[PDB]
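Read the single chain below, which is given as structure tokens and is the form deposited in one PDB entry.
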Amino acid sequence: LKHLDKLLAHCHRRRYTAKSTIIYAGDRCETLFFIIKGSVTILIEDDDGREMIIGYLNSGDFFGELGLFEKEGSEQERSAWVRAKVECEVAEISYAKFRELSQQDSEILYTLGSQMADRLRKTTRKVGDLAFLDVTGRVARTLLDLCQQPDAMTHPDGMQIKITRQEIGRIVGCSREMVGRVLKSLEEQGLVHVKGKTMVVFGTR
């Protein structure tokens, strides 16, 4: 991504502590972000106003990019909340500067497009998971999927991931008590071992 060098030269670096909200859904859109270090959580509210975790983005990912685009070329609003998952260092750049550099080098838009396409694939699969799987299947699939994503650690017996019961519940759309019951069953069946802030998922190497 050497073609991003000229974009990062015009970025202001900001640090966000874990759990701090970077983007609030519904806000105006004038700024694009690039994750230098750390990771962020993408959240929406369901129709009950209850929060659901859509996914995570990691170093090398842009976020806040969808606000560049609108159907009639009118004002656009932030489509989700973005919250630091761990301590994050982000590069912030105005839409106005991004537009000038992307007009100078379309490779920047190829990188942005590649990331948006990946997110659309993942979110489309999430529709299927919510429709096709019951909660036990959704919890198991979430655990397996997280083992293949950044910040999973190779473990002698599988992969180790940084996640809590509450987070899994917000990902799969069930109660915090229900995820406890499901995870207990999955532990007894040999898929997972739950720890304080981490979980070990067996058979994922």
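The first residue of the shown sequence is 1; numbering continues from there. Here, rigid core means the biggest group of C-alpha atoms that superpose within 1.5 Å across both forms.
FYI, the form deposited in another entry isn't displayed, but the following is about it.
**Q** Take the rigid core as the frame of reference and indicate whether the C-alpha of residue 195 shifts by 2 Å or more between the shown form and the other one.
**A** Passes the 2 Å threshold, so yes.
**Q** When the rigid core is used for the superposition, does residue 46 move between the shown form and the other one (threshold: C-alpha shift of 2 Å or more)?
**A** Yes, its C-alpha moves 2 Å or more.
**Q** Would you mind telling me if residue 166 and residue 49 are closer or farther apart in the other form than in the shown form, C-alpha to C-alpha, with a 3 Å or larger change?
**A** Relative to the displayed form, residue 166 and residue 49 draw closer in the other form - a change of at least 3 Å between their C-alphas.
**Q** Regarding residue 20 and residue 47, go with closer or farther for their CA spacing in the other form versus this form, the difference being 3 Å or more.
**A** Their C-alpha distance shrinks by at least 3 Å in the other form.
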